[PDB]
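Have a look at the structure below before the remarks.
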Amino acid sequence: XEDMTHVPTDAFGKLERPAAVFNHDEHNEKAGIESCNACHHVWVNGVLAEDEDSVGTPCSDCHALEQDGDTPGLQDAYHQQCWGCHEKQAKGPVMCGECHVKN
Ligand code: HEM
Ligand code: HEM
Ligand code: HEM
Ligand code: HEM
Ligand SMILES: [As]
Ligand SMILES: [As]
Ligand SMILES: [As]
Ligand SMILES: [Zn+2]
Ligand SMILES: [Zn+2]
Ligand SMILES: [Zn+2]
Ligand SMILES: [Zn+2]
């Protein structure tokens with residue numbers, strides 16, 4: 001993911017909003033995220049694996065557009081992960097057009 005500059009959007013089909021800005025490797029460095037499974041997590045039978053990750057598997061392989069039980073749909077998964085951390089840490093973009101940048 002060194003060439004990533006926005007979050008993948010093909011799984012959404014027609015977009016409402018601009019692709020979310022996300023230079024993956026520069027973001028993770030600036031945010032000080034060392035564990036890949038901060039995002040690329042492995043949930044099995046309601047248990048979060050502490051020492052595994054799902055690097056290489058798209059979020060959309062496990063997160064349909066619609067919610068399934070307590071597995072969030074794909075929009076909700078991104079918002080909870082991305083906007084959820086920014087709100088928890090009080091750092092990074094928490095307004096809609098600061099992620100979904102019109103440029
Ligand atoms: C989820 C894929 C996700 C997105 C999208 C996202 C975007 C984002 C931007 C565009 C910035 C500003 C520029 C930059 O890349 O530094 C930013 C900044 C921070 N983020 Fe973020 N972010 C996503 C996810 C996450 C997650 C899961 C965390 C916390 C675990 C996280 C944290 C942060 C932090 C901290 C910052 C500030 C960086 C700095 O300038 O200090 N983000 N994010
Ligand atoms: C930990 C250092 C880490 C690794 C390693 C890593 C790898 C990685 C790859 C190989 C991909 C796919 C790139 C491609 O398609 O060419 C990828 C994609 C995404 N990642 Fe990642 N990633 C690591 C860490 C993190 C962290 C900490 C976050 C959350 C802030 C994160 C996020 C994402 C997202 C979003 C994508 C796109 C997923 C998709 O659906 O294709 N990664 N990562
Ligand atoms: C891709 C980086 C990706 C994102 C974004 C994402 C988000 C996400 C959230 C925010 C939740 C809610 C719980 C939590 O905060 O962790 C969640 C829940 C589930 N996930 Fe996920 N997820 C991403 C990637 C993946 C991948 C690649 C898998 C499949 C291997 C996956 C699976 C799941 C499952 C299952 C859940 C539900 C957990 C539970 O409550 O039982 N995620 N995801
Ligand atoms: C502010 C409340 C806000 C809105 C509105 C919004 C909308 C939105 C939609 C409708 C989607 C689905 C795809 C589409 O464009 O149709 C979506 C997807 C993602 N979002 Fe978002 N979003 C708002 C807020 C935020 C913030 C503050 C962030 C960044 C932390 C963010 C990120 C993302 C990501 C990642 C996705 C999936 C990939 C993409 O579509 O770019 N959103 N959002
Ligand atoms: As670097
Ligand atoms: As929120
Ligand atoms: As809250
Ligand atoms: Zn390189
Ligand atoms: Zn851009
Ligand atoms: Zn750098
Ligand atoms: Zn790993």
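In the structure tokens, chains take the letters A, B, ... in the order shown, each chain's residues start at 1, and ligands count up from 1 in the order shown.
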Give the residue list for ligand 11 at 12 Å, counting only C-alpha atoms and all ligand atoms, as a ChimeraX atom specification, sorted by chain and then by residue number. /A:34-42,49-57
The selected residues should be written to file as a PDB file, in the first residue's frame (atoms: C-alpha atoms).
```pdb
ATOM      1  CA  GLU A  34       2.468   0.406  14.739  1.00  0.00           C
ATOM      2  CA  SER A  35       0.024  -2.516  14.811  1.00  0.00           C
ATOM      3  CA  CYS A  36      -1.475  -3.444  11.425  1.00  0.00           C
ATOM      4  CA  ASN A  37      -4.475  -5.049  13.137  1.00  0.00           C
ATOM      5  CA  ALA A  38      -5.546  -1.651  14.501  1.00  0.00           C
ATOM      6  CA  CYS A  39      -7.383  -1.686  11.171  1.00  0.00           C
ATOM      7  CA  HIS A  40      -6.773  -5.018   9.482  1.00  0.00           C
ATOM      8  CA  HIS A  41      -8.473  -6.989  12.253  1.00  0.00           C
ATOM      9  CA  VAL A  42      -9.497 -10.633  12.612  1.00  0.00           C
ATOM     10  CA  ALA A  49      -7.677 -11.706  17.679  1.00  0.00           C
ATOM     11  CA  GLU A  50      -4.961  -9.744  19.467  1.00  0.00           C
ATOM     12  CA  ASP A  51      -2.023 -11.238  17.575  1.00  0.00           C
ATOM     13  CA  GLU A  52      -3.423 -11.885  14.093  1.00  0.00           C
ATOM     14  CA  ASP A  53      -4.377  -9.552  11.260  1.00  0.00           C
ATOM     15  CA  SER A  54      -6.129  -9.588   7.923  1.00  0.00           C
ATOM     16  CA  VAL A  55      -3.571  -7.588   5.947  1.00  0.00           C
ATOM     17  CA  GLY A  56      -4.236  -8.113   2.236  1.00  0.00           C
ATOM     18  CA  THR A  57      -7.953  -8.868   2.633  1.00  0.00           C
TER      19      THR A  57
END
```
Pick out the residues no farther than 8 Å from ligand 10, counting only C-alpha atoms and all ligand atoms, and list them as a PDB file with N, CA, C and O atoms, in the first residue's frame.
```
ATOM      1  N   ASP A  25       0.561   4.776   3.987  1.00  0.00           N
ATOM      2  CA  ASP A  25       1.789   4.687   4.762  1.00  0.00           C
ATOM      3  C   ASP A  25       2.160   6.002   5.435  1.00  0.00           C
ATOM      4  O   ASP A  25       2.637   5.960   6.567  1.00  0.00           O
ATOM      5  N   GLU A  26       1.889   7.130   4.789  1.00  0.00           N
ATOM      6  CA  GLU A  26       2.200   8.397   5.471  1.00  0.00           C
ATOM      7  C   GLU A  26       1.263   8.670   6.646  1.00  0.00           C
ATOM      8  O   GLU A  26       1.707   9.027   7.745  1.00  0.00           O
ATOM      9  N   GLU A  29       2.304   6.339   9.681  1.00  0.00           N
ATOM     10  CA  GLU A  29       3.474   6.943  10.319  1.00  0.00           C
ATOM     11  C   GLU A  29       3.159   8.173  11.146  1.00  0.00           C
ATOM     12  O   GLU A  29       3.599   8.242  12.298  1.00  0.00           O
ATOM     13  N   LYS A  30       2.400   9.125  10.637  1.00  0.00           N
ATOM     14  CA  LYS A  30       2.094  10.371  11.329  1.00  0.00           C
ATOM     15  C   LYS A  30       1.182  10.126  12.531  1.00  0.00           C
ATOM     16  O   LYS A  30       1.432  10.622  13.633  1.00  0.00           O
TER      17      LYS A  30
END
```
May I have a table of the residues of chain A lying at most 8 Å from ligand 4, giving each one's closest pair of atoms and their distance in Å to one decimal, counting only C-alpha atoms and all ligand atoms, ordered by chain and ascending residue number, as a tab-separated table?
```
residue	atom	partner	partner_atom_place_in_ligand_line	distance
A:6	CA	ligand 4	41 (O)	6.9
A:7	CA	ligand 4	38 (C)	5.0
A:8	CA	ligand 4	38 (C)	5.9
A:9	CA	ligand 4	40 (O)	5.1
A:12	CA	ligand 4	13 (C)	5.7
A:13	CA	ligand 4	16 (O)	7.7
A:14	CA	ligand 4	16 (O)	6.4
A:15	CA	ligand 4	16 (O)	3.6
A:16	CA	ligand 4	16 (O)	3.7
A:17	CA	ligand 4	15 (O)	3.6
A:18	CA	ligand 4	15 (O)	6.0
A:19	CA	ligand 4	41 (O)	3.6
A:20	CA	ligand 4	41 (O)	3.7
A:21	CA	ligand 4	41 (O)	7.2
A:22	CA	ligand 4	35 (C)	7.8
A:74	CA	ligand 4	37 (C)	7.1
A:75	CA	ligand 4	18 (C)	4.8
A:76	CA	ligand 4	18 (C)	7.7
A:78	CA	ligand 4	35 (C)	4.8
A:79	CA	ligand 4	33 (C)	5.4
A:82	CA	ligand 4	30 (C)	4.6
A:83	CA	ligand 4	30 (C)	3.8
A:84	CA	ligand 4	30 (C)	7.5
A:86	CA	ligand 4	30 (C)	6.7
A:92	CA	ligand 4	30 (C)	7.3
A:93	CA	ligand 4	30 (C)	5.4
A:94	CA	ligand 4	27 (C)	3.9
A:95	CA	ligand 4	27 (C)	4.5
A:96	CA	ligand 4	1 (C)	3.5
A:97	CA	ligand 4	23 (C)	7.1
A:98	CA	ligand 4	27 (C)	6.4
A:99	CA	ligand 4	29 (C)	4.2
A:100	CA	ligand 4	42 (N)	6.2
```
Go through A:11, A:65, A:44, A:4 one by one, measure the shortest atom-to-atom distance of each to residue 28 in chain A using only C-alpha atoms, and give the residue with the smallest value. A:4
Where in chain A does DSSP assign strand (DSSP E or B), given as a list in words? residues 6, 21, 43, 44, 47, 48, 68 and 71 of chain A
Within 10 Å of ligand 8, counting only C-alpha atoms and all ligand atoms: which residues, as a compact mmCIF listing (two decimals) with C-alpha atoms, in the first residue's frame?
```
# COMPACT_ATOMS: atom_id res chain seq x y z
CA UNK A 1 0.00 0.00 0.00
CA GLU A 2 2.73 2.45 -0.51
CA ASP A 3 1.00 3.90 -3.58
```
Write down as number ranges by chain the residues of chain A whose backbone DSSP state falls under alpha helix (DSSP H). A: 24-31, 59-62, 74-78, 84-89, 96-99
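We find CA of residue 90 in chain A and atom 31 (C, counted along the ligand's line) of ligand 1 to be spaced 9.6 Å apart.
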Taking only C-alpha atoms and all ligand atoms into account, which of A:66, A:23, A:87, A:46 comes nearest ligand 9? A:23
Rank A:10, A:62, A:85, A:47 by their smallest atom-to-atom distance to ligand 1, using only C-alpha atoms and all ligand atoms, and report the top residue only. A:85
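Picture a line from atom 17 (C, counted along the ligand's line) of ligand 3 to CA of residue 102 in chain A; it runs 27.3 Å.
Reported to one decimal place, the separation of CA of residue 63 in chain A from atom 14 (C, counted along the ligand's line) of ligand 2 is 17.0 Å.
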